[PDB]
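1. Provided hereafter are the protein sequence and its experimental coordinates.
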Amino acid sequence: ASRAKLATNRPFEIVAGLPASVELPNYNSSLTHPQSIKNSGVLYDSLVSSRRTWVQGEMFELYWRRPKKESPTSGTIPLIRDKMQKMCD
Amino acid sequence: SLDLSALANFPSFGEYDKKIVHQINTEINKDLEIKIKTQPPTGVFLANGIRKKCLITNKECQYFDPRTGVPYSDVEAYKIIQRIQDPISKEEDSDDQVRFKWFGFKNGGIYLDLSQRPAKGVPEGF
Amino acid sequence: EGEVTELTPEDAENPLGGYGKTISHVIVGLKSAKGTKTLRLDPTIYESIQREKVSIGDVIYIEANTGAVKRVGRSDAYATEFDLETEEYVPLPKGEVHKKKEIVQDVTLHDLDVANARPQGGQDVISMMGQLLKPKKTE
Amino acid sequence: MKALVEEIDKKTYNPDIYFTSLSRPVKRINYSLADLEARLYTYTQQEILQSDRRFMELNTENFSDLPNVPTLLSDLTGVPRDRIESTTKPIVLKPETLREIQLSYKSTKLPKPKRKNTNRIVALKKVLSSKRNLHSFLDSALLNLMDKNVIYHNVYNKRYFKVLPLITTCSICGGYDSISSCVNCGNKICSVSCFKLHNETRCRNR
Amino acid sequence: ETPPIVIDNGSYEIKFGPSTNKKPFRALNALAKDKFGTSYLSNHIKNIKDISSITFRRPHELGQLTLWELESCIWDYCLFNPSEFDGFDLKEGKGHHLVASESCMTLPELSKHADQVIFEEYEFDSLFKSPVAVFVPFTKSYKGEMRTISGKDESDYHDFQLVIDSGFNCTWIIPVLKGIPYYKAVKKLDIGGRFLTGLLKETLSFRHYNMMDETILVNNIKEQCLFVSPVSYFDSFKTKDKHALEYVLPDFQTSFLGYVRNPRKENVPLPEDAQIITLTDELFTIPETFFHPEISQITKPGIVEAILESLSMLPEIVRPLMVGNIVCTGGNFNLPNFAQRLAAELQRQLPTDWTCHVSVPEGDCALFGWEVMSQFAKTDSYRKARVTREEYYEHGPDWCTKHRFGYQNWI
Amino acid sequence: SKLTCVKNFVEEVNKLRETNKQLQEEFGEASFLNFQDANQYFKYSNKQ
Ligand SMILES: Nc1ncnc2c1ncn2[C@@H]1O[C@H](COP(=O)(O)OP(=O)(O)O)[C@@H](O)[C@H]1O
Ligand code: BEF
Ligand SMILES: [Mg+2]
Ligand SMILES: [Zn+2]
Ligand SMILES: [Zn+2]
């Protein structure tokens, strides 16, 4: 959210922190000095974001999370292990 | 000399196509040196010598794409990235080809193929 | 002659190429009433530039005959850059940046004799002390 | 002539800083709650924005169109209207227009009418009954982001900004023989008469 | 068979007439109303007596012709009425070949509307329209009389030419390559005649009594007496008294329009009741905004910056020829010493190897666009390029503006 | 004084001059008219 508030009238919008538009990008019409994808990395940022989100997104309802650390809360780890049965990969 | 041949290719008060604009941008880009402040990360290795893990497959990265700068584990990974690029698959059933689109989710975004056949039973308008 | 627009000293392509600073050619951009020209200069000419204390915008004057650099002054374009400053503002040189002229002068034989007898060259302290001396005629 | 011996204080002396200084006469103080609020809250972006707004104001011909500038400037630049309205300090069609056109019809005499109907003719009426302004066109979704940005912005210069030299002139009369900056706001003056004029009419700190 | 009709839809004056005609007509494309609500149209504006506060409504909001209603009114007045315009009369429009002009960068929707209305409503047989810079290279087809100046001293169209179109709205830098402008290198200088008239208003109102409303008075001043400094701003400012001029204000009982006098030259005495405004610095300090926008506190880059950028964005092999073949046109260029100074500055900026040859038409430079457009219309290139009424009918309305004429085809 | 290199300058000047003579033969009637062809301008610029 703290990402730089884009200057007015850019041919893109910042969606999920990245430059995007509803229509297919027309770089050739719109850009005079396009930085390479190497230079931009936008694709890279998108891919990393995608993977991470898939690791952390809302697709499936969360039910257990490893507790962020003679606290008996350690003893609950085997209990949570036993409350589930183990199945193949 | 080759530019002179290119110049003869330029539109001559006719009905010429957009492709010229690519050459135009090529000439325009020459205006000034590029003040790229920070070079982008490159290569398939981390600073400690451990191989990077593929963002697509989670396999250990073997090769690095010099054009885009996205390292990739396998040919499949590279092909998938390229299909993410080249949104108009210029084969010219064309609409049935894998078309990945990006959807914005809380705190991030994901790529979704609108040509993905959903599970059997989806209603009309699904 | 002209007004300096750029001054980008370059070093040798390899550090082993030269000694110490290893300063290679310097590139200078001069502006005149008829256009601009980018020159490639010897490191000696760069040393002359450093001696004359030339900055960007100063009107300069280089003689390819001897490699002597003269600082005419500051361009009248930058006259009002500062509202109080001691600078001899000079106009932009007319004509081309690189003008070749044939010079004709009448000199007496006695002039050559005097030049040999009492040369004006030298920048040493001994030279300056001799310069301060009266020019007494000698046989 | 020149003092060969100088006395110095190690606390006050440095080559970095050289400094020397001397109906009730007293320095003015500004009770501007807005300016104080700005101070506590905080060319520059505001300066260039003000200059651009002044340029656009000076471009327009009719005085009556002056209070319509902020909307057009917000549409052209893309900036919010409230920001330009508040931070920056400055300085259409009706049926009556149709009636004036009917009065204007008296000059033309030749054309003759006809009749037909189709949806194409309906759209023909629709273009000739738009009554919408350039602001509507620029805000209209039919003008795409790339099209708009190319057409307005790409024709503007982006790399060269000043290659001729910079020339400063008197703020009153454009003179250049002598220049100095007024103590009150730092705008530049050339003569005593111009100083009196700046003090009476011009100076912006009062 | 009929000669083509050519109209130049200026944002300030409209130059039109049959291709057979020698010199075009004039049409002030502006709807006016006076303080008492009485409305004046086109050349009636020149007939106003209550100059003081006449308000001008125009179809070009910001150089883009948005409001059709008054455009249609002005078109109908100029096309139909023969009595004022030397008997010229567009009877009913059908079966008439029309070549027009428009702003070089028009919105696709606006151009679509323009083509649609001009085709369906007017029912012309064929139509061409494009910026004047498209017609400029065609000047080879006729024996023009255009004076030229070089900056280094004191098959019916030219392939390489650079066009500076300085009109009422804005100053355009349009490089045309073999008759199609290089649209990605097209650069706009926002300074233009409207801005310059506003700056005249401002400086007159500051130095003398408030003339902020006296639109036609300041316009007549601008017509009578402006010039760019022959060498530099300093040179003109040094001899301000020697080149000083005084403009006589309009006297409603004798002359609704004012006039300029040269104080040094011998001339008739002015009546004691006539108010006089002397001009000693605004003659040249106002036009100098073109080269030094800082003078009138404008942050935009100036004309030399814009021209040099446009030259830079061009292909390297062709840019020197473009430098040598730069041609100036438009209403603003008619003011004295603009072409000479622009040429001098351009040569001073460019490398010594290249040479710039500046050619500007003699006489009123505003009429040049109509002349070159007409001389192009009478060539085989116009016959090949022109699009017919039925061909438009065959295509959907966006097709014409997106392919034949508008920028969209390339970009 | 014995090792002066005037011959080197003269020889290179003659090799340039013969190349220029061949180029002028190829071009034909040289002129300083306003250029309307890339080839013509390039050849004139090379000549100068
Ligand atoms: N005699 C003149 N002196 C100075 N400027 C003039 C003169 N005649 C016309 N102009 C300028 O020409 C402009 C009109 O040019 P025009 O060809 O109508 O341009 P456009 O195509 O933008 O409408 C006016 O704004 C005016 O400033
Ligand atoms: F009609 Be113009 F060129 F403003
Ligand atoms: Mg025009
Ligand atoms: Zn002053
Ligand atoms: Zn002040």
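-> Cool, got the structure. Numbering: from 1, shown residues only, chains lettered A, B, ... in the order given. Ligands and ions are numbered 1, 2, ... in the order given.

2. tell me the contacts of residue E:145?
-> By Cβ atoms under 8 Å, 6 or more residues apart in numbering or on different chains, the residues touching residue E:145 are E:361, E:362. Bear in mind the C-beta positions are built from the backbone N, C-alpha and C, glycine included.

3. Show me the residue at the heart of chain F, geometrically.
-> Computing the C-alpha centroid of chain F and ranking residues by Cα atoms, centre = their mean puts residue F:20 first, at 3.3 Å.

4. quick one, phi psi at that one?
-> Geometry field for residue F:20 lists phi and psi as phi -70, psi -40, criterion degrees, to the nearest 10.

5. Leaving out sequence neighbours, find the closest residue to it.
-> residue F:47 (7.1 Å; Cβ to Cβ, 6 or more residues apart in numbering or on different chains).

6. For that neighbour, list the residues it contacts.
-> Here residue F:47 is in contact with F:20, F:23, F:24, F:27, F:30 (Cβ under 8 Å, 6+ apart).

7. cool, residue B:74 as well?
-> Shown in contact with residue B:74 (Cβ under 8 Å, 6+ apart): B:54, B:57, B:59, B:62.

8. Quick check: the first one touching residue B:73?
-> Yes: applying Cβ atoms under 8 Å, one finds residue B:54 in contact with residue B:73, separated by 3.5 Å.

9. Show me which residues of chain D sit near ligand 5.
-> With Cβ under 5 Å from the ion as the criterion, chain D meets ligand 5 at residues D:182, D:184, D:185, D:187, D:203.

10. all strands of chain B, in order?
-> Applying DSSP state E to chain B gives strands spanning B:63-64, B:71-72, B:100-105, B:108-113.

11. about what we covered before: of the residues of chain D next to ligand 5, keep whichever come out buried.
-> Buried members of those, counted by 16 or more other Cβ atoms under 10 Å in any protein chain shown: D:182, D:203.

12. Residue E:203 against residue E:282, yeah?
-> Yes: using Cβ under 8 Å, residue E:203 is in contact with residue E:282, at 5.1 Å.

13. If you count neighbours, what's buried in stretch C:55-73?
-> Applying 16+ other Cβ under 10 Å to stretch C:55-73 flags C:57, C:58, C:59, C:60, C:62, C:69, C:71, C:72 as buried.

14. tell me which of those is nearest to ligand 4?
-> When the buried residues of stretch C:55-73 are compared for distance to ligand 4 (Cβ to the ion), residue C:57 wins out at 26.1 Å.

15. How about that closest one: what's its closest non-neighbour residue?
-> Residue C:57 sits nearest to residue C:78 (Cβ to Cβ, 6+ apart), 5.0 Å away.

16. doesn't residue C:90 make contact with that neighbour?
-> No: using Cβ under 8 Å, residue C:78 is not in contact with residue C:90; the gap is 10.5 Å.

17. Phi, psi for residue A:13 please.
-> Torsion angles at residue A:13 (phi, psi; degrees, to the nearest 10) stand at phi -120, psi 150.

18. Okay, and the beta partners of it?
-> residue A:20 (DSSP bridges).

19. before we move on, back to that, need the residues of chain D next to ligand 5 in a markdown table with secondary structure and distance to chain B, can you?
-> Output for the residues of chain D next to ligand 5, formatted as a markdown table (DSSP: H, G, I helix; E, B strand; the rest coil; distance: Cβ to the nearest Cβ, whole Å):
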| residue | secondary structure | distance to chain B |
| --- | --- | --- |
| D:182 | coil | 38 |
| D:184 | coil | 40 |
| D:185 | coil | 36 |
| D:187 | coil | 34 |
| D:203 | coil | 41 |
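
20. Show me which of the residues of chain D next to ligand 5 is closest to residue E:361.
-> residue D:187 (42.1 Å; Cβ to Cβ).

21. Setting aside sequence neighbours, what's the nearest residue to that closest one?
-> The shortest distance from residue D:187 to any non-neighbouring residue, by Cβ to Cβ, 6+ apart, is to residue D:171 (5.0 Å).

22. who's in contact with that neighbour?
-> Contacts for residue D:171 (Cβ under 8 Å, 6+ apart) come out as D:187, D:188, D:189, D:194, D:198, D:202.

23. Am I right that residue E:327 falls within a strand?
-> Yes: Residue E:327: assigned to a strand according to DSSP: H, G, I helix; E, B strand; the rest coil.
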